[PDB]
Each structure stands twice: as structure tokens, then as C-alpha cells.
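Peer 1: kindly generate the corresponding structure for this input.
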Amino acid sequence: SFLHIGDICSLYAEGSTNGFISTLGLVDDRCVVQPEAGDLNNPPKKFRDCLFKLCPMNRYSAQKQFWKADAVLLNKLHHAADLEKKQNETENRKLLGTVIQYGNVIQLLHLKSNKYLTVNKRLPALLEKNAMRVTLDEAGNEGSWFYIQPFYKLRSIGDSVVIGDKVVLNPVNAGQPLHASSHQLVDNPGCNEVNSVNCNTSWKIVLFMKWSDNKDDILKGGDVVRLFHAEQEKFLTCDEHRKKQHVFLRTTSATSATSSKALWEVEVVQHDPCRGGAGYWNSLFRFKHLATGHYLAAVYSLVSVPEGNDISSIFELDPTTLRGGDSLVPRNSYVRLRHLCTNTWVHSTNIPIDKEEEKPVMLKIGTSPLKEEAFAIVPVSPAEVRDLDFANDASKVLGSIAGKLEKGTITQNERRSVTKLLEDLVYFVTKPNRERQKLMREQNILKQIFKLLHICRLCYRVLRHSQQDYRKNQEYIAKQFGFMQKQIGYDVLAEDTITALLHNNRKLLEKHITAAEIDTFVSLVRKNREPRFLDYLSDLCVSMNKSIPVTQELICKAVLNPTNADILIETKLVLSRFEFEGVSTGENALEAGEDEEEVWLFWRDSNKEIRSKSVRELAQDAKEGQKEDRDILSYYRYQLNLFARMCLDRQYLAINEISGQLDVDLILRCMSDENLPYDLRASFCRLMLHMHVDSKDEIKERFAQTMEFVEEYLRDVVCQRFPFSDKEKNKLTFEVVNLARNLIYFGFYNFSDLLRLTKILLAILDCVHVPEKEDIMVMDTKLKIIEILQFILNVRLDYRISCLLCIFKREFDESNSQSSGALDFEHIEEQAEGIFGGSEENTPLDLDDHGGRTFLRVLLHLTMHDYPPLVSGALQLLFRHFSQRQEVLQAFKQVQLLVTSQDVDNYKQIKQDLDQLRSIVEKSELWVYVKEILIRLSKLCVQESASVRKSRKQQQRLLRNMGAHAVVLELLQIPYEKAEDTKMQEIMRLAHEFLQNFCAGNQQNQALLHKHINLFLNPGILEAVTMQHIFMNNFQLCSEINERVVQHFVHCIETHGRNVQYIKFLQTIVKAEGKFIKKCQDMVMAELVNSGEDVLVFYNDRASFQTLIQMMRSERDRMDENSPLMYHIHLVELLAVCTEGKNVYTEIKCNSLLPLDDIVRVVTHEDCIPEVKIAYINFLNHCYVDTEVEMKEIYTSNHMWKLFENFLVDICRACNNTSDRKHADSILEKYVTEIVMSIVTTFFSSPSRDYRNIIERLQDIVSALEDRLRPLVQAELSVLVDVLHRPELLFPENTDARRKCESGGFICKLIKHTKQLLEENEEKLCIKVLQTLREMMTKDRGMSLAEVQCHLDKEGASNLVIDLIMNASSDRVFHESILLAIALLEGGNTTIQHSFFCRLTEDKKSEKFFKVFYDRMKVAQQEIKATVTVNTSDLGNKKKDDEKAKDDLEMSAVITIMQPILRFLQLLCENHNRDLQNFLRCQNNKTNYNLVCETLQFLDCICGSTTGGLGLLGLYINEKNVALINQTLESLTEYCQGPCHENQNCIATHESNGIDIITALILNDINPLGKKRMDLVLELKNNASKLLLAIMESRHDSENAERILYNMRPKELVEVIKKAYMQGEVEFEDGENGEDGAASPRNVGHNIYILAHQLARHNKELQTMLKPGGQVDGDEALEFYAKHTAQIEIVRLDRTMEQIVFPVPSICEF
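Peer 2: Numbers count the residues shown, from 1 in each chain. The relevant structure is shown in the block below.
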């Protein structure tokens, strides 16, 4: 039965063993067949095990000589094999869609298990009395080729026998026909086994899919996919609920890793149960829960279904999109499904399949009759498939085996296969591949192992392999731990667990063992004589918490010290034991090693813990110092002297000035050490170095010893070979180098000499010069770079340069004063007392309580003061306090810290504890809603809470606010404190500062708010304040204005209903709640009062206002009255923002009365504070109410008292009498009168020592402004010295025997693209930016496009593009600067730049996803950032006439701030303009989300409101808008400059607005005349000239209308051409030959051009057109002074691209 090769077939024995193939599981590997499973008419269930591809054998002898069996010999053997494959694979490729002849024997390989069927002649087959065994080998063998002879007399060998045939395809090698046998097995009973013999039975190929049909890209018959409710971001997911089937979408990671259940098996309808066929459109399809077996069926909801033979199950998927082509669907495609038996498009169902359990993820879902949606097929890795199944059958073997071994001795072949697994498994671990770690504990392996109740360590190795980042699995071995000792008896295998642990697993490990360690160390020191098991334990010593158990151990080791051998003399026979070991001897010299090894780790296991160690550490004896032995002893002895706590003596503008001076070198090393993880990059910064060129006493005695061993390491650096000798010398050095670094640093000193010591360090770090196995080797060099460019750094960064600063004292203006925050040294003496305060502990009873008392006060007394620079050394004082706080005294010392006057800079540093601080809020929240951790955890909480937007952002509360709100709430929802001390509201409420209102930047709050236990309700009552906490807090979580949930949210739970309880009984609750009862309760009337305010927009929406219609305002009358209101008059400006949200959106929902009067008696009955706040709430009131007019007129009989109240709130006095407290007076009148020109617009659409401090301050501002300004430029030229770059390594570093002097750039380039892998690029990235803008400047600040393209030649445009996307996190606040620099050099040479894109488009996929981002940077700048400065501007200064200008002081600094985000978007415009050229470029490739529309909508967003003559005015008349908009008209204009039909059509359309706005501005092009108007004329026109022309340079009909209809055109264009041509022609005092501007005349001329061009087609344009088209009237003969003095004509076109378009006008108009 014939079938092109690579077809897909099954095949089935008939006769006496009528059956077909069957699989052996993945652990067990043996052929068989359950005749009891199915028919040919009735196919078996488990089908995929029995189908496979039409296999041509493949040539492969090379695996086989190679497999029979310097490397070399076998390397060539194995490479032959690999190749052997290749030709097997290219050859075999040739054998595809190839009808194999019968007797064209064809290999056979096992698609599901993926294994070549194998024929084993020499090994006997067991079950047959004397046959040969048949079994699968993936790699295969030669037996594989099964002779394709045929079975029945009709067919024959050499012929492609037909479609479904018996055949006799026997192996010429097994030599037997393929034997089928009645016999059957005992372990997995279904089956009768399989092997070749001269037997008698008969199979017919039962085809599956076809040859051809094996195209991959289309989801094919039985192909994998994942069933995302994409809208629910939720692969549906049907957990077998309650030991039954639940069918349920899972808690929504669009292509991320889901657990196994996410996927499902695929089937397509075929006339035979068994062939299947090619995915297609008219084909329906049906699917099964492979994990379950049962197929989930729609009792009309998606459910489950044990057997897929019923038809209700099936579903028809209309493609989402219409196919141009053949109907075959494609893989991972997406489409809407109507369950076809149900003939009904299933709808996601909002209810849950578990629901009783709090916050549950299994969810109802089912068939929906209604038509209106689709979800993406997510095709899946067949490989991924194969692995999980191995893990299954593995599991199955493993648990089966467990049952045997626990149960009894299993048999020994069992052992073989099960080891062969065990092996095969450890083998499965074989280096980054996190998925594999998942599958196993996920696939009944992990358990099955532990189950199976050293030879044990094969599992154990399999085990600590995955060990990494895996917290939950670690506790099961508490008990098991003792076993290491008994298994340490067996082998050292169990140690690596304890250490892979130790490293990654720190902390939680520390808890359980306790003095249990004492018995595996007594056991082990008694049983490990070389004590190596013991030793892996000592290396485990990590963390401060270790030192303790460590030391008690020392006591028992004092019992253990005996050793029956000698270490002594003290000097003589140690140095002798060292010459004797110095003989490489065996036996004896052998043993010595242990001790030295033993000695080194544990002794350094000592952290910043000396004393017991500085007491253990006697004789700083160091001579035969050996491997840092000596060094850790001058290091623990250095712990005995001078925790060099910080540095940082001073601050103020000084610091920066110098850092400028350091120039790049500072970078070269900071990038050498701080990046250049890669040796290579650190190293060229070392090229920068070789260029550069130009207890004090008693510690100091140890230090002499030191200074030698360094100069010495330099005469060993005279040895260039740091071959191996540098493993030794380099290690030793290394400890000597952090410790010499650390040696200088604890022991530096303030004169020429630890510095002159640096002068030696020059020749050190220079004398310090300076693949395959070489990376492992390079590790040493690599630590030597963190430590050599740390040593280089720590001395280089802050140590370099402290005297020049104050040396230059001499003096200024007044009289010479060479140096030939007040008493900062009493506060840093009290603060070195802070260090000494570091040192102590709680047992010094004498010292512990008494003396230090509370220095907090100086802290408290100097909090307002500019920070001392050693606050990082003040943060020192903090960190210890992480341990505990039983003693109450905590707080008082602990509070000084809360006293701070610089939160942001610190809070960044304070985030340090974020993990530990989140424990301070989880323990602190375990005891809140000793006291200093809940209160200090809240005082922490607010400092960060009152911070930058990036800071709220840094709450980043996936790790873990759902745990700090959900664990905070797990205890603090039931727990609340009555007024007036209470604090759940605080560590929770500081957090929701989402820019201090409104309802934005709180996206993270639906999911943490989403899994929760609600707050109390109904009868009885609960405790104060945290219900209050509760309500304002609910606002901030569900107040995002962008999603429809907020309505269901401000409703879900509390709903409309809340109102009726805020009528009464909360006063009862608050009176029992506190002494100031009224407080929790006027708080509760605010909380009742504010469901409007937060996402007031997102409250109403599609439909929340209609729901409460007729109830809530009628009810709002009920709480209409109050007083004493200070707090509840905050509930009256919160009942007044509350009260401001009532009538805004009620366009169409009113049938009630008297609401305006209530507020009106309220605002008057007011007493207490100055109206300014209640006259801005009452005034804001009168503007919102006066604006609506005719609706307000329907609402009541009259509002006459509201014009006198509006005129008395608007009229007032100096406060309303004489307060005299404001001074930006033209701002206020000003905005108020174009918000009253705005309001005017709204009404028709109606329906001895301090002198040291100060003269120092002054010489610092004068020398400051002088020095800093002048100096930066020459540094920019010397920066430009690196810009020789390629020529610089050739000068001097002239690089002989071909060394690579030129072209240094391209390499450094890739290097830094990798360096930003560090989350902090910091100034480093920015420092790069500066020089690029100065590389435009080799052509400028002094060819530049061979430099622009030179980079682009030597790694260019590509690296920087690929790099611009990290600007999200790193670089948001330089992404602006970054952008500018990139555009400059490139601009003017898009030749270069095409290459850029030319390289870019390639990564088609890797390019395509990325396109959306900038658009949401604009877009994301776009809609918000219009709102921000634009409308406050719109109220434009001062809309009152002209002949104390008081123009608001300092408006410009501010506007510069608001358009910082805007300005990002803006330079963005200029560059978009500069790079563009070819159309493909302009085309915005088939990206994910590439809508030029966003340009039209940000363009359209400050525009926004401006239908007529343009009267944002203010915002129009506002300046930053203009640069932005013109370059958006030149970017936008280079985009339409290509006049793509679909671009011009697209633009006016998708903005649907931007366009029209463009039209209306020029028809009142500015009302404010002047220099600002003049520019408004040139841009308003030349940008409009160019752009309008570009969009209109085409012929269709559809693209012209959307724009012409915008203008009263003939009259707007002809009265604007007579008012602009007239306003413009009349003066004629302009500058001549203005290459530069011609404004009103090449612009107005551009209107004559526009009018001109519209005359291709239509009739309304002939209508505008006959007034140029004729006449003798003056304005049509001025309009004739154009047609003759405008060109009024168009040029001859050969037609570009493909002989296409016709014409457009070219200026030539004398």
C-alpha cells in the first residue's frame, strides 16, 4: 500500500493475531500488541503510539565503526557518524513524498517515540521459542531497513504497493519474516508482544496523514496547540474538580510556560477513523484532553467527556480572518468557534469551577449561541511532548519500582532497567535549561523516587543537580539529614546537596540542624580522618548567622584537639615539617595537605567576626605566608583594627566639578570592573592605564611585611608567564589585594605617604600585566579584575583626589587665604561613636544599657541639616538592627534614623531591606494593624511612599505586596484598631500614593486587591479606622481609569447598596469605637461620600451611571447636611469633589429636582475657614454648573441666585478682605480669563564663624560659575581625542606582527551592548551619549558621513537600535539625550541608515514584536501629556486687554518640566524626520502594532480641542508645542512625502481629526500677533505647505474629501488667502533672497498651490477654482497676480516605480 515517503501511516496485523502496533512506555522499551484494544473499523484509543513516517533507510556505517569503538581516531570516527546522519538526512530528505517500491525496503522509525524500528538477529528473542528480538532504537541500526516485500499475490516488490495493504516487508538481516505471535505479557497485560520469525501473520498499512500532508507550518492532523482564552489572557484549563472533571479556564504570560494541563490533542474529520488529513477551513475539528484522555464537552458549558465518540463535543472554527488562498488553516493560527452540535460560539464564562475556596482560579466556560470571538492556537514542541512522556513512563517505572523495593527485593534485571533509568535520568539533566528542572517533580518522578522505600546516591546525584532556586522541596530532609553521616560512611555523595544548598540555599538551612551537626561532626571527625566530609561542611560555612553553631563546635573541638601528631617548634619543626612536605613525598607528605586545606576555609568562614577570631588569631605570623594563610591572619587581625566604615567627608557642588576632571578613566575602570565581566573589555581599559603613566603603628608593623610581599609579586610579574604560577601567586596576591586594598583602606592616612604608596601602586597595577580550557583558566584573571579594578577602583575612585579640593584655598575678591554643617566632626565624632556603636552586643550588661544612651538627638537635631556625606556610614548603624528587638530601648536609638531630611536618595538605598523589609512588614504586620518594627516598618513605608513616580513604580509588588497586602490582610483585615492610635491604614496607605491622586498609576491593584478576604458587613459592627483605612484604600486599588472593572468594582461587594448603610449606624460603630467618636464617623461620611471621585471616569463608563439612576442623588439629599465640618468639610471638599462628581456625565439620565438648592444653602451656611478653598470648591461648582446652562435649566425652575453667588465668589476682595498671601498675580487673573474665555466658549453648546560658612559659600558660587562652565569644553575636545580611535592604537600602540591597532571602535561597541546586562548603566551609558554628539562634531565642533557610516561600517546603527529598548528602566532619564545623539551623526546619510534598517528588517520576527514600544512612548506620552500642561495653558495669560505686568513669576522653568516627558516625544519627532527616505522604510513593516495613527493622535492631542480658530491659544500660543509640532510635521511630512495612497488615506482617517484640526488652525492661524505669531505663520504654513502637499500628491477621490470638508475652504482658503496674502503682501519690508523663509507668500503661494492641485478631479474644486480660474475683480487679479506670479501649472512625468502616477506642481513663479 503506497504512500509517498515521509507519508504518515499506521499498519495492522490481521489473521490469527489481528492487531496493530503498540508502544512500550518511555522507561520500558519493548514492542507489543493488546488484541483486546480495538478494531480496524473500531480503531484503538491510544492511537499515536502506532503511527510513524514513511521511512527511507539512511546510510550510517560511520556511527558503527565509531560505535564498535586519540580523541582523533574516534573523533574522526564520530564526525563521520554525525556526517553519516547528515548524508542520511540530506539523502533521506531526498526520500520524501517518495512512493517506496515494495522491495524498495524502507526504514521504519517510531514517530510518537521517535525511534527507528530495530531488528536484532544475534540476540535471541525470549517469548518466541527461537526467534530474533524486535525493539526500537532511535539512532537505529541496519536491521531497521525492513525489506518491503509484499504479502498477497496481487502486489510485489519493486512496486509502490497501493493504499492500505498487507505486505511482507521482512528484514533481510533478522533473516525472519516479521513474526506475530499469540503470546502476551504480565506486567502491562493489555498486549501481545512483537519480534521477527519465519511466522505467519499479516499487517495492512493503515495510513495516517500523507507525505505532502507533512508540511509543518499549518496545524496538521494530530498537531499540538494551546488553548488560550487570549482575551481572558487565559489558556483555558480543566482541572478535574472534586476527584471528577472540572473544565475551566485557568487564572490567565501569553506564550509563557503553563503547567501540563494547558495543552490538548488534535483531531480532524476523515472518512476513516485512522488516516486523518490536512487542516482546512471547511473542515471541522475535534480535540481531546490527552492528559485526562477524556475530551471536555459542552449542562451547556465546557465540561468533560470520557470518550470522544459522541458528536456534541465537536466545534466548528470560523477562521478569524478570511483566507485569500486555499482553506488549510495554519499552525498556531486563531479563529472563533461555534460548538457545532451546539452550533454555538462558546463564550468565556465569568463564574468559577472552584468558587467556595477564597480567590479561585478554576472557572465556568461554555457554549454561547451568540456570534460575537477567537483565541490563538498555540502550536507546541513535539519534542516538549516526547520529554514529558519519558518523565511519565519514568514516573511509572519509578513508582512501580518503589512498590517493588518497598514491597520486596525487586528482581535484578529490574535493577538494571531502573538504574538504566537512574542513569538515563541523571542523563536527562544533561548548561541552562530551566524547563527540564520543571517537568520531573511535575511528572510523578520526584515523589516516585523519595517513595522507593551511595548506591542511593544515583537518585541523589539526579537530585542535587536541579537543586537551584527551589525553596519548597528543601524541608522533607530534616530527618533525612542525619543520613549523610551514615551515607558519609558509604560515600561523600551527600555533601554536594548541603553545599549547592549552602551557596543558593542560605538562611532557611540555618534553622533546622542545630546541635544535630555536632553528631555528624563527632561521627565524621571520628569517621572522616582526613575529615573531608567534615570539610565540605566547613566550606558550607557562609553567612553571619553561621558563626555561632560554628563556635560551640569549637568548644567540642577543644575536646577533640588531640590528633596524636605534631605542629610545633614553634618556629623550627614547623618550618621543618614544611621542608619535609616540601619534599613532594608520598604517604607522609600526602597527609599534610588536609590540615592546610582544613585550616583555610573554616578560619575564613569567619566573616567580619574577629575577637573570638582575633583571639583565635594570635601571632600575626606570616613568613612562609603560603596560600593567604598569613593573609587571612592579617585580615582577621584587620578585623581587629579599623572597620574602615566609609569615606565621604564632604559634599556640595565640589564633588561634581572634580568628577568632571577624572574624565573617562573613571569610566574605563568602572566599566573594567563594574562591567567587562568579560576580561577583554576591562583589559582595553587597561590599555587606558599603560597610557596613563603620569592601631596605626602596631598594625603598621604587620604592614611593612605587606609592602614587601607586593613589590615581590612584581618581580614575579617580571615573569610574563603567569602560567599556573599565577594560580598560586595570583590567589595569594588576590587575598593580598582585596586585603591590600582593604589594607590601604582600613590603613590609609592623610598626608603624602599612603598616597606615595599609591605611586608605587601605579607600577604595581601596571607591573601587574595589566577558548576551550582558557575560560576556566580566565576565571582567575577575572576575579583579579574585580579586585585589581576594585583595588584600582577603591584607591582610584574616592581615594584619588582629596587635597587639590582644599589645597587651592588662596582667596577671592577680598584677600588671600591659602590653606597653607558646623561642628561636623563632633557629629562625625559622635558618629565615629556611631561606628564604635557598631561594635557591641547584649551580654556586655555593664556596657549594654547605660552609656551611649540616645545619641539619636544630634541625629534628630541635625536631621534638617544637609546630609553629612558619611550617611552610608550612618546606614551602618542601621543594618545590625535586622536581628531582633526584645529590649524596648530599641525605638529610642531606632528613631534618630526615622529623623531624616532626604528620603528619595536614601529610600533607594533603603529598599535594600525590601526582601528583609517585607519581612519587617510581614512580622511587623503579623503584629500590627518591641513595637519598633511595625512602627519602623511603617515609617519606612511612608518615606518611600512619599517619593518619585519611579518609586511607586519600585513597589513592583509581584515580590511581594500580594504577600504584604495578602499577608498584611491575612491578619490585619480581622484586626483593626479603634480611634485614635491605629496603623493598618499607614503601612498600607502610604503605599497607594499613586501620584497623590487621582486614579492612575495603580494598575497593580486589581490582582492584589483581587485575592482577598473582604471587610465586615451588616449586623453588629466591627472596629474603627481600618474600615476607614478600608474605604479610601479600596478607591486606590480599583480606581484605574482605563478598564470596565472599576464600575463593577466601585460596585462589586459594596455596590449601590453601600449608600443605605451610610445613612446610619456608623456613628454607633464610631461611638463605641473611640473617644473622638465623631472622627471615625465623619471619616465614614467621607468614605460614604467618595465612590465617585476615584476613576470617576471609570466609575460611569459603558454603564455604571444608569444602574444607580434615580436612587443615588435622591439618596444624596439624605446626607446633605452637616457642620463643625473642618474634618467633614474635608468631607465637604471631599463631599465637594465627591460633590463635584454628580452632574458631569449625566447627559441623558435625569428626572428629579431640588439638587442645586441643597448645595447652595450648604455653601452659605458655611462658617470657619477662608472661602478660597470653599470658594474654589464653590467656584469650581459655579463654573461647572454655569457651563451646562440648558440642562441646568431643565433641572430646576431657575438659578438666578447662582449668578449673584457666582459673581460674589468671582468678585470677592483681597482674600475676601485682606490676607495678602499670593504673588503670581497675572497667572491667576490670567488663566482665569482664558478659562473665562474658555468659559465664554462653553455656554452655547448648552443642553565670627558663620562668615566662614558664607564667604566660603560665595567663593564657591563665584569660582563655581567660573571654573565649571569654562572647563567642560576642553574635556569635550579630549573626548574627541578618543575619536581618532582607530589611528590611536596605531600611533604608539603601533601593533606589530599584525596586531589590531585600527578599528578599535566596533569591538568596544559590541562589548558595551553586553555590559548593560547590569541593571545600572548609570552615568556610564550617559558618558557615551556626550561623545556621539561630539562625533557629529568632528565635522561640527571642530568626513562626517564616512564617520556616521564608519561606525555603521564598523558595527553601526545595528548595535544602537538593538540597544534603545532598555531605556524603559535604565535610561528613561537619558533615553532623551540618547535619542538626540543617535540621530545627529546618522542624519544626512540615510545611505548608512538604509543599511541600519536593511540589517534590521532581517530579524523580521526579532524586529517585529519590538515596533509597538515607541508608539506607546509617544502614545503614552501622547494622550496624558496633552492633558497636563495643555489645559492649564488653555486658560491663557491674561485674556484682558492692553493700553505691574505681574506675569506669574517663573512660568518657564515649570513648562520646561512638564514638557520633559513631552520633550522625549519631541526630539523623537525630529529624528523620525531625519532617518526616513524609501517607502518600505516609511511603510512600517508587518509589525505587531505599527500604527502611524498614534502620531496623528498626539499631533491630535494638544490640538485635541481646537475645531475653529485656535484657542487653546495659551496651549496654541504656548511655545514648546511649536517645535514639537513642526518637526512632527517634518517627520509626519517625510512620511506623507512619499504620497503613498494608503498613507494619505490612512492619516486623515485614523486620526479622523488631527487632519481637520490642521485645516482649522491656518484659517485663524494665530490670534496673538508678534514674534510668536510670525513663527506661527511660517510653521503654520510651511509645515502645512509641505505636509498638505505630500498627502494630496495623488489621485483617487476618497483622500481629498475628509480635508476639504474641514474648511469653509473657498471662503476660508480665499479669505485666509486674502487675509494672509493681504496681511502679507502689503508690507514688503521683508528681507530679500530669503533662503530661509518666505512665509505668507510661498505659504500663501502654497495655498494657491493647494487650490491648484485639487483640480485633478471633482467639481467643488472647480467651484473654488474659477476665482483663480477667472475674473477682473481686484482679489481675483491679485489672485491673478498669483496664477501669473504663482506658477499655476504642473510638470511632465515619465512615472516612477512601474509607469504609474501622473503629476504635481513645481514652484517657479516670477
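
Peer 1: tell me which residue is most central in the chain.
Peer 2: Centroid-nearest residue in the chain, with CA atoms, centre = their mean: residue 1369, separated by 8.4 Å.

Peer 1: pull the number of nearby residues for residue 1080.
Peer 2: Neighbour count for residue 1080, taken as other CB atoms under 10 Å: 27. To be clear about C-beta, it is placed using only N, CA and C from the backbone, and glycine gets the same treatment.

Peer 1: gap between residue 584 and residue 729?
Peer 2: Separation of residue 584 from residue 729 (CB to CB, to the nearest Å): 19 Å.

Peer 1: er, residue 1208 actually
Peer 2: 90 Å.

Peer 1: which one's more surrounded, these two?
Peer 2: For the pair residue 1208 and residue 729, the greater number of neighbours falls to residue 729 (17 against 14), based on other CB under 10 Å.

Peer 1: which helices and strands does whichever strand or helix holds that one pack with?
Peer 2: Using DSSP states H and E, residue 729 sits in helix 725-746. Contact here means 3 or more CB pairs under 8 Å, 6 or more residues apart in numbering; DSSP states H and E; on that basis helix 725-746 packs against helix 629-639, helix 696-715, helix 753-767, helix 774-786, helix 788-794.

Peer 1: nearest to residue 258, of the ones you listed?
Peer 2: helix 774-786 (36.1 Å; CB to CB).

Peer 1: the closest one relative to helix 725-746, how many degrees between them?
Peer 2: On the basis of axes from the mean of the first three to the mean of the last three CA atoms, to 10 degrees, helix 774-786 is oriented at 20 degrees to helix 725-746.

Peer 1: what's the closest non-adjacent residue to the residue nearest to the centre of the chain?
Peer 2: What sits nearest to residue 1369 in space, not counting adjacent residues and going by CB to CB, 6 or more residues apart in numbering, is residue 1319, at 7.1 Å.

Peer 1: circling back to that earlier point, got a markdown table for the helices and strands packed on helix 725-746, with mean neighbour count too?
Peer 2: Shown next, in a markdown table, are the helices and strands packed on helix 725-746 (neighbours: other CB atoms under 10 Å):
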| stretch | mean neighbour count |
| --- | --- |
| helix 629-639 | 23 |
| helix 696-715 | 14 |
| helix 753-767 | 16 |
| helix 774-786 | 15 |
| helix 788-794 | 24 |
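
Peer 1: tabulate these (JSON lines), appending distance to residue 1524.
Peer 2: Below are these laid out as JSON lines (distance: least, CB to CB, whole Å):
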{"stretch": "helix 629-639", "distance to residue 1524": "59"}
{"stretch": "helix 696-715", "distance to residue 1524": "59"}
{"stretch": "helix 753-767", "distance to residue 1524": "50"}
{"stretch": "helix 774-786", "distance to residue 1524": "45"}
{"stretch": "helix 788-794", "distance to residue 1524": "42"}
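
Peer 1: for this structure, longest strand please?
Peer 2: Counting residues, the longest strand found in the chain (DSSP state E) is strand 115-124.

Peer 1: for that one, what is the distance to the chain centroid?
Peer 2: 52 Å (CA atoms, centre = their mean, to the nearest Å).

Peer 1: for the helix or strand just after that strand, name the packing helices and strands.
Peer 2: Using DSSP H and E, the helix or strand that follows strand 115-124 in sequence is strand 132-137. Using 3+ CB pairs under 8 Å, 6+ apart, the elements in contact with strand 132-137 are strand 115-124.

Peer 1: the strand it packs on - contacts with which helices or strands?
Peer 2: strand 108-110, strand 132-137.

Peer 1: of those strands, which approaches residue 75 most closely?
Peer 2: Among the helices and strands packed on strand 115-124, strand 132-137 sits nearest to residue 75 (CB to CB), with 23.3 Å.

Peer 1: what's the following helix or strand after that closest one?
Peer 2: Next element after strand 132-137 (DSSP H and E): strand 192-193.

Peer 1: which helices and strands does that following strand pack with?
Peer 2: So strand 192-193, by 3+ CB pairs under 8 Å, 6+ apart, packs with strand 32-33.

Peer 1: who's in contact with the strand it packs on?
Peer 2: Contacts to strand 32-33, defined as CB atoms under 8 Å, 6 or more residues apart in numbering, come from residues 13, 17, 19-22, 24, 180, 184-185, 188, 190-194.
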